[PDB]
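Remarks on the overall topology
The primary structure of each chain is shown beneath.
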There are 2 protein chains.
Amino acid sequence: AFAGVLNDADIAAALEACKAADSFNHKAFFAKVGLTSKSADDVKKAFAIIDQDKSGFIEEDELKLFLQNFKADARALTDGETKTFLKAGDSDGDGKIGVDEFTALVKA
Amino acid sequence: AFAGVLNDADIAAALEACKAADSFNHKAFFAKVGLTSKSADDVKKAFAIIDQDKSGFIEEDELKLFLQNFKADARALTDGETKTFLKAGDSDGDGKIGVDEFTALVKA
């Protein structure tokens, strides 16, 4: 879903680096794919794609499928990767990530 | 110190993927640099290099400098990366990593 608004090669390389189970690092991913340098406005767009059901939050089931928003055949994160990613982004502890949280996960 | 027993390109790419602060992932690193496919005997050799003082353990100060064993000018891990890496490898909770622990961190 980003393929048009993130570069093709950046995505591929991002995915290749975390093909092994439990090798995912969201900072590593974000930097490589090129989202860290994006505008808060484009980051919000990115957010909406990940939030598959448009609930206004990225729930754990959506975080598990994070990579698949980038390349449809990407692997699911393991439970440990998902919990780690959740824990880093979920500032208020509601077990989900809201747009402001997402923005801080991407940029900081 | 591995440059002769790990490939040049693998190391470079491993380092490039984690240049950003807090982007380090030991599984990602290990897989890319090529240590995961090594013999328990070569893994022990790797261990001895990281254990800079030959105490028989990789203490936290040595883990912080992990990358520098691969390329001398590599960055130090942040405190958060080091704690995470320590926590994943330190099975017995003595705050350091022994060779068997290291072996399981690399292979599993």
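Residues numbered from 1 in each chain as written, not as in the entry; some residues may be left out. Chains lettered and ligands numbered in written order. Heavy atoms only, no water.

Per the deposited record, the coordinates in this entry were obtained by X-ray crystallography to a resolution of 1.6 Å.

A few words on the overall build of chain A. A tally of regular secondary structure across chain A gives six helices and two strands. Reading chain A from its N end, one meets helices and strands in the order α-α-α-β-α-α-β-α. For 108 residues, the compact-globule formula gives about 13 Å, and the C-alpha radius of gyration of chain A, at 12 Å, lands near that figure. C-alpha atoms of chain A, sized along the principal axes, occupy 35 × 30 × 25 Å. Relative to its full complement of 108 residues, chain A shows a buried share of 40%. A separation threshold of at least 6 residues defines the contact pool for chain A, and within that pool the share at least 24 residues apart is 52%. Here chain A has roughly 5,300 Å² of accessible surface; of this, 55% comes from carbon and sulfur atoms. Looking at chain A, you have 14 positive and 20 negative side-chain charges, and the mean spots of the two groups are 4 Å apart. (Helix = DSSP H or I, 4+ residues; strand = E, 2+ residues; numbered from the N terminus. Rg over C-alpha atoms; globule rule 2.2 N^0.38 Å. Buried < 20%, exposed > 50% of the residue type's maximum accessible area, 1.4 Å probe, protein only. Contact = heavy atoms within 4.5 Å. Areas by Shrake-Rupley, 256 points an atom, 1.4 Å probe, with all protein chains shown as cover. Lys, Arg positive; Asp, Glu negative; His and termini not counted. Charge placed at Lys NZ, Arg CZ, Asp CG, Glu CD.)

On to the relation of the copies chain B and chain A, then. Both copies of the chain are placed relative to one another by a rotation about an axis and a shift along it. Taken as rigid bodies, chain B and chain A are interconverted by a rotation of 180 degrees and an axial shift of 0.0 Å, the fit giving an RMSD of 0.0 Å. Each copy turns onto its partner about a two-fold axis. Residues of chain B ranked by C-alpha distance from the rotation axis are headed by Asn25(B), positioned 3.2 Å from it. Comparing contact sets, 100% of the residues at the interface of chain B also lie at the interface in chain A, consistent with an isologous, same-surface contact. (Least-squares fit on C-alpha atoms.)

Further remarks concern the interface of chain B and chain A. Often, the extent of an interface is quoted as the loss of accessible area on bringing the components together. Facing 10 residues of chain B, the contacting portion of chain A comprises 10 residues. Each partner contributes to the roughly 750 Å² buried at the junction of chain B and chain A, and carbon and sulfur atoms together form 46% of this total. For chain B, the biggest contributors to the area lost against chain A are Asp22(B), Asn25(B) and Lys27(B); these three give 44% of the whole. A salt bridge links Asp22(A) to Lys27(B), with the nearest nitrogen and oxygen atoms 3.6 Å apart. The set of elements that each furnish at least two residues to the side of chain B that touches chain A consists of helix 1 (8-17) and helix 2 (26-33) of chain B. Take the side of chain B that touches chain A: its biggest share by element is three residues, from helix 2 of chain B. (Buried area = accessible area lost by both parts, 1.4 Å probe. Salt bridge = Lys/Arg side-chain N within 4 Å of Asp/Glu carboxyl O.)

Residues and elements named next belong to chain A. Residues annotated by UniProt as "binding site: Ca(2+) 2" correspond here to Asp-90, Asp-92, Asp-94, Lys-96 and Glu-101. Separated by 3.3 Å, the side chain of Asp-92 and the backbone nitrogen of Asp-94 make a polar contact. Relative to the elements of secondary structure, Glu-101 occurs in helix 6 (residues 99-107). Of the residues examined, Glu-101 reaches a relative accessible area of 10% and is grouped as buried. The contact partners of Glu-101, leaving out residues within four places of it in the chain, are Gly-89, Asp-90, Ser-91, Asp-92, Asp-94 and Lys-96. Within the structure, the side chain of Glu-101 is placed 3.0 Å from the backbone nitrogen of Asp-92, a separation counted as a polar contact. (UniProt positions renumbered as here; feature names shortened; annotations may be inferred. Polar contact = N/O pair within 3.5 Å; in protein donor to acceptor, adjacent residues only side chain to side chain.)

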